[PDB]
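**Student:** My structure is below; once you've seen it, I'll send some questions.
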Amino acid sequence: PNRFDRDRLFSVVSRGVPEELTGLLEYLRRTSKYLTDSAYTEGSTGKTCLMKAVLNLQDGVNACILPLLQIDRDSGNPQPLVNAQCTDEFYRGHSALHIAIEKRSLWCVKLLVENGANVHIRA
């Protein structure tokens, strides 16, 4: 349960169960890695864990966003994955805030904006 691959992270965040986020805290402190690294995001697009969380919300709410945000702010790279951006030619600038807004989910927008968020990022 300690070592989780990016597919494992995607599967955990897709279902929406927050209790399966355990073990990542020791995981990134072990190999000295961060959630912002390319080792846990899609190489082609750049979709991250938060993005995969936002692409599916059970009735406009997820309980797995808060643990991920708090673990990232505890042991993250100076950008808490909220201002980290994709490098795709088709989605150059497709921010997480944009995905939160596009799904008409105000609550996750509030969470992201109170957990630090650069609105003026290019898209």
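Starting from 1 in every chain, residues are counted up; chains themselves are A, B, ... following the order of the structure tokens, and ligands are numbered from 1 as listed.
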Which neighbours of stretch 33-49 of chain A fall inside 7 Å, counting only C-alpha atoms, when residues of the same chain fewer than 6 positions from it are skipped, and could you give them as a VMD selection string?
**Tutor:** chain A and resid 6 10 72 76 to 77 81 86 to 88
**Student:** Export N, CA, C and O atoms of the chosen residues as a PDB file, in the first residue's frame?
**Tutor:**
ATOM      1  N   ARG A   6       1.021   5.910 -10.790  1.00  0.00           N
ATOM      2  CA  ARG A   6       0.110   6.965 -11.222  1.00  0.00           C
ATOM      3  C   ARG A   6      -1.253   6.396 -11.596  1.00  0.00           C
ATOM      4  O   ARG A   6      -2.286   7.037 -11.364  1.00  0.00           O
ATOM      5  N   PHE A  10      -4.783   7.482  -9.950  1.00  0.00           N
ATOM      6  CA  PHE A  10      -5.964   7.793 -10.749  1.00  0.00           C
ATOM      7  C   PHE A  10      -7.153   6.940 -10.324  1.00  0.00           C
ATOM      8  O   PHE A  10      -8.270   7.448 -10.182  1.00  0.00           O
ATOM      9  N   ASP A  72      -0.740  17.756  -0.074  1.00  0.00           N
ATOM     10  CA  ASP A  72       0.108  18.523  -0.978  1.00  0.00           C
ATOM     11  C   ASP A  72       0.619  19.796  -0.314  1.00  0.00           C
ATOM     12  O   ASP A  72       1.803  20.127  -0.430  1.00  0.00           O
ATOM     13  N   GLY A  76       4.512  19.629  -0.357  1.00  0.00           N
ATOM     14  CA  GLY A  76       4.513  19.892  -1.778  1.00  0.00           C
ATOM     15  C   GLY A  76       5.683  20.743  -2.240  1.00  0.00           C
ATOM     16  O   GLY A  76       6.535  21.180  -1.464  1.00  0.00           O
ATOM     17  N   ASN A  77       5.708  20.972  -3.550  1.00  0.00           N
ATOM     18  CA  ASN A  77       6.658  21.812  -4.263  1.00  0.00           C
ATOM     19  C   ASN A  77       6.064  23.210  -4.076  1.00  0.00           C
ATOM     20  O   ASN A  77       4.846  23.306  -3.886  1.00  0.00           O
ATOM     21  N   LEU A  81       0.330  22.441  -6.801  1.00  0.00           N
ATOM     22  CA  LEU A  81      -0.361  21.753  -7.888  1.00  0.00           C
ATOM     23  C   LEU A  81      -1.621  22.484  -8.340  1.00  0.00           C
ATOM     24  O   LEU A  81      -2.332  22.008  -9.231  1.00  0.00           O
ATOM     25  N   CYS A  86      -0.673  22.255 -17.605  1.00  0.00           N
ATOM     26  CA  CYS A  86      -0.388  21.303 -18.665  1.00  0.00           C
ATOM     27  C   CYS A  86       0.449  21.965 -19.754  1.00  0.00           C
ATOM     28  O   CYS A  86       0.440  23.185 -19.925  1.00  0.00           O
ATOM     29  N   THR A  87       1.180  21.135 -20.495  1.00  0.00           N
ATOM     30  CA  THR A  87       2.058  21.601 -21.561  1.00  0.00           C
ATOM     31  C   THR A  87       1.624  21.056 -22.918  1.00  0.00           C
ATOM     32  O   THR A  87       2.436  20.940 -23.838  1.00  0.00           O
ATOM     33  N   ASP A  88       0.346  20.717 -23.052  1.00  0.00           N
ATOM     34  CA  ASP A  88      -0.177  20.206 -24.308  1.00  0.00           C
ATOM     35  C   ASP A  88      -0.441  21.343 -25.286  1.00  0.00           C
ATOM     36  O   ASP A  88      -0.831  22.449 -24.899  1.00  0.00           O
TER      37      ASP A  88
END
**Student:** Write out as a PDB file with N, CA, C and O atoms, in the first residue's frame the residues lying within 8 Å of stretch 17-25 of chain A, counting only C-alpha atoms and excluding same-chain residues fewer than 4 positions away.
**Tutor:**
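Listing of result-v9.pdb after writing:
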ATOM      1  N   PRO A   1       0.814  -1.220   0.000  1.00  0.00           N
ATOM      2  CA  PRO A   1       0.000   0.000   0.000  1.00  0.00           C
ATOM      3  C   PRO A   1       0.847   1.270   0.000  1.00  0.00           C
ATOM      4  O   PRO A   1       0.319   2.365  -0.197  1.00  0.00           O
ATOM      5  N   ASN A   2       2.153   1.119   0.219  1.00  0.00           N
ATOM      6  CA  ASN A   2       3.044   2.273   0.273  1.00  0.00           C
ATOM      7  C   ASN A   2       3.324   2.825  -1.121  1.00  0.00           C
ATOM      8  O   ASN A   2       3.037   3.993  -1.408  1.00  0.00           O
ATOM      9  N   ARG A   3       3.883   1.998  -2.001  1.00  0.00           N
ATOM     10  CA  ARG A   3       4.226   2.434  -3.351  1.00  0.00           C
ATOM     11  C   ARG A   3       2.995   2.366  -4.247  1.00  0.00           C
ATOM     12  O   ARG A   3       2.484   1.278  -4.531  1.00  0.00           O
ATOM     13  N   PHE A   4       2.526   3.529  -4.694  1.00  0.00           N
ATOM     14  CA  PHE A   4       1.376   3.629  -5.582  1.00  0.00           C
ATOM     15  C   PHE A   4       1.804   4.272  -6.894  1.00  0.00           C
ATOM     16  O   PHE A   4       2.397   5.355  -6.895  1.00  0.00           O
ATOM     17  N   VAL A  12      -7.653   5.531  -7.407  1.00  0.00           N
ATOM     18  CA  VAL A  12      -8.077   5.912  -6.063  1.00  0.00           C
ATOM     19  C   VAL A  12      -8.907   7.191  -6.103  1.00  0.00           C
ATOM     20  O   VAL A  12      -9.957   7.290  -5.457  1.00  0.00           O
ATOM     21  N   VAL A  13      -8.455   8.190  -6.866  1.00  0.00           N
ATOM     22  CA  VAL A  13      -9.172   9.462  -6.893  1.00  0.00           C
ATOM     23  C   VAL A  13     -10.428   9.410  -7.755  1.00  0.00           C
ATOM     24  O   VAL A  13     -11.323  10.246  -7.574  1.00  0.00           O
ATOM     25  N   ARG A  29       7.759  11.189   0.995  1.00  0.00           N
ATOM     26  CA  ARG A  29       8.871  11.437   1.907  1.00  0.00           C
ATOM     27  C   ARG A  29       9.955  10.371   1.823  1.00  0.00           C
ATOM     28  O   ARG A  29      11.019  10.545   2.428  1.00  0.00           O
ATOM     29  N   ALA A  63     -15.175  13.819  -1.525  1.00  0.00           N
ATOM     30  CA  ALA A  63     -14.526  13.838  -0.222  1.00  0.00           C
ATOM     31  C   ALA A  63     -13.030  13.563  -0.300  1.00  0.00           C
ATOM     32  O   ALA A  63     -12.352  13.610   0.732  1.00  0.00           O
ATOM     33  N   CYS A  64     -12.501  13.281  -1.491  1.00  0.00           N
ATOM     34  CA  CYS A  64     -11.083  13.003  -1.666  1.00  0.00           C
ATOM     35  C   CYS A  64     -10.270  14.231  -2.058  1.00  0.00           C
ATOM     36  O   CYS A  64      -9.038  14.148  -2.103  1.00  0.00           O
ATOM     37  N   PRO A  67      -8.277  15.708   1.436  1.00  0.00           N
ATOM     38  CA  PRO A  67      -7.031  15.042   1.858  1.00  0.00           C
ATOM     39  C   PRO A  67      -5.880  15.258   0.894  1.00  0.00           C
ATOM     40  O   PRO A  67      -4.738  15.456   1.328  1.00  0.00           O
ATOM     41  N   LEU A  68      -6.154  15.234  -0.412  1.00  0.00           N
ATOM     42  CA  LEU A  68      -5.103  15.473  -1.393  1.00  0.00           C
ATOM     43  C   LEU A  68      -4.558  16.891  -1.278  1.00  0.00           C
ATOM     44  O   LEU A  68      -3.338  17.101  -1.296  1.00  0.00           O
ATOM     45  N   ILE A  71      -2.444  17.110   2.034  1.00  0.00           N
ATOM     46  CA  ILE A  71      -1.149  16.440   1.950  1.00  0.00           C
ATOM     47  C   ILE A  71      -0.211  17.207   1.026  1.00  0.00           C
ATOM     48  O   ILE A  71       0.991  17.333   1.304  1.00  0.00           O
TER      49      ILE A  71
END
**Student:** Would you mind listing what lies within 9 Å of stretch 104-113 of chain A as a CSV table (one decimal) with N, CA and C atoms, in the first residue's frame, with only C-alpha atoms counted and same-chain residues fewer than 3 positions away left out?
**Tutor:**
chain,number,residue,atom,x,y,z
A,54,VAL,N,-11.5,16.2,-10.3
A,54,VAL,CA,-12.5,17.2,-10.7
A,54,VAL,C,-13.3,16.6,-11.9
A,57,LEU,N,-17.4,14.1,-10.1
A,57,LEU,CA,-17.9,14.4,-8.7
A,57,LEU,C,-19.3,13.8,-8.6
A,60,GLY,N,-21.8,16.6,-7.6
A,60,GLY,CA,-21.2,17.9,-7.4
A,60,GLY,C,-20.4,18.0,-6.1
A,61,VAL,N,-19.8,16.9,-5.6
A,61,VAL,CA,-19.1,16.9,-4.3
A,61,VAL,C,-18.2,15.7,-4.3
A,62,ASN,N,-17.0,15.8,-3.8
A,62,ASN,CA,-16.0,14.7,-3.6
A,62,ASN,C,-15.4,14.9,-2.2
A,65,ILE,N,-10.9,15.4,-2.3
A,65,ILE,CA,-10.2,16.6,-2.7
A,65,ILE,C,-9.5,17.1,-1.5
A,66,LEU,N,-10.1,17.2,-0.4
A,66,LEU,CA,-9.5,17.8,0.8
A,66,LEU,C,-8.3,17.0,1.3
A,69,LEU,N,-5.4,17.9,-1.1
A,69,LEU,CA,-5.0,19.3,-1.0
A,69,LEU,C,-4.2,19.4,0.3
A,82,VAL,N,-1.9,23.6,-7.7
A,82,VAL,CA,-3.0,24.4,-8.2
A,82,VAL,C,-2.7,25.4,-9.3
A,96,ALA,N,-6.6,23.8,-13.4
A,96,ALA,CA,-7.5,23.1,-12.6
A,96,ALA,C,-8.7,23.9,-12.2
A,97,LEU,N,-8.5,25.2,-12.0
A,97,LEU,CA,-9.6,26.1,-11.7
A,97,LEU,C,-10.6,26.1,-12.8
A,98,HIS,N,-10.1,26.1,-14.1
A,98,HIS,CA,-11.0,26.1,-15.2
A,98,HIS,C,-11.9,24.8,-15.2
A,100,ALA,N,-12.7,23.1,-12.6
A,100,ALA,CA,-13.6,23.2,-11.5
A,100,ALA,C,-14.8,24.1,-11.9
A,101,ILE,N,-14.6,25.2,-12.6
A,101,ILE,CA,-15.6,26.1,-13.0
A,101,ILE,C,-16.5,25.4,-14.1
A,116,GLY,N,-5.2,28.8,-2.1
A,116,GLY,CA,-4.2,29.4,-3.0
A,116,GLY,C,-4.6,29.1,-4.5
A,117,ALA,N,-4.6,30.1,-5.3
A,117,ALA,CA,-5.0,29.9,-6.7
A,117,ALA,C,-4.6,31.2,-7.5
A,118,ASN,N,-3.9,31.0,-8.5
A,118,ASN,CA,-3.6,32.2,-9.4
A,118,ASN,C,-4.6,32.2,-10.5
A,119,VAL,N,-5.5,33.2,-10.5
A,119,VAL,CA,-6.6,33.3,-11.5
A,119,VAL,C,-6.0,33.7,-12.8
**Student:** Write out as a list in words each polymer residue whose atoms come within 9 Å of residue A:121, counting only C-alpha atoms; drop sequence neighbours fewer than 2 positions from it.
**Tutor:** residues 83, 85, 93, 95, 118, 119 and 123 of chain A
**Student:** Just write the chosen residues, N, CA and C atoms, as a PDB file, in the first residue's frame.
**Tutor:**
ATOM      1  N   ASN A  83      -1.371  25.761  -9.391  1.00  0.00           N
ATOM      2  CA  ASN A  83      -0.888  26.644 -10.444  1.00  0.00           C
ATOM      3  C   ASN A  83      -0.008  25.897 -11.438  1.00  0.00           C
ATOM      4  N   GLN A  85       0.604  23.667 -14.564  1.00  0.00           N
ATOM      5  CA  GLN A  85      -0.173  23.764 -15.787  1.00  0.00           C
ATOM      6  C   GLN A  85       0.263  22.678 -16.763  1.00  0.00           C
ATOM      7  N   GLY A  93      -2.593  25.677 -20.991  1.00  0.00           N
ATOM      8  CA  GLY A  93      -3.201  26.545 -20.010  1.00  0.00           C
ATOM      9  C   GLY A  93      -4.501  26.052 -19.414  1.00  0.00           C
ATOM     10  N   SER A  95      -6.172  25.071 -16.844  1.00  0.00           N
ATOM     11  CA  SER A  95      -5.923  25.058 -15.412  1.00  0.00           C
ATOM     12  C   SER A  95      -6.952  24.209 -14.674  1.00  0.00           C
ATOM     13  N   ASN A 118      -3.897  31.037  -8.549  1.00  0.00           N
ATOM     14  CA  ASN A 118      -3.574  32.159  -9.427  1.00  0.00           C
ATOM     15  C   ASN A 118      -4.614  32.194 -10.540  1.00  0.00           C
ATOM     16  N   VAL A 119      -5.518  33.172 -10.472  1.00  0.00           N
ATOM     17  CA  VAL A 119      -6.562  33.292 -11.483  1.00  0.00           C
ATOM     18  C   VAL A 119      -5.978  33.707 -12.828  1.00  0.00           C
ATOM     19  N   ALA A 123      -4.414  30.620 -20.565  1.00  0.00           N
ATOM     20  CA  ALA A 123      -5.043  29.427 -21.120  1.00  0.00           C
ATOM     21  C   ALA A 123      -5.083  29.510 -22.639  1.00  0.00           C
TER      22      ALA A 123
END
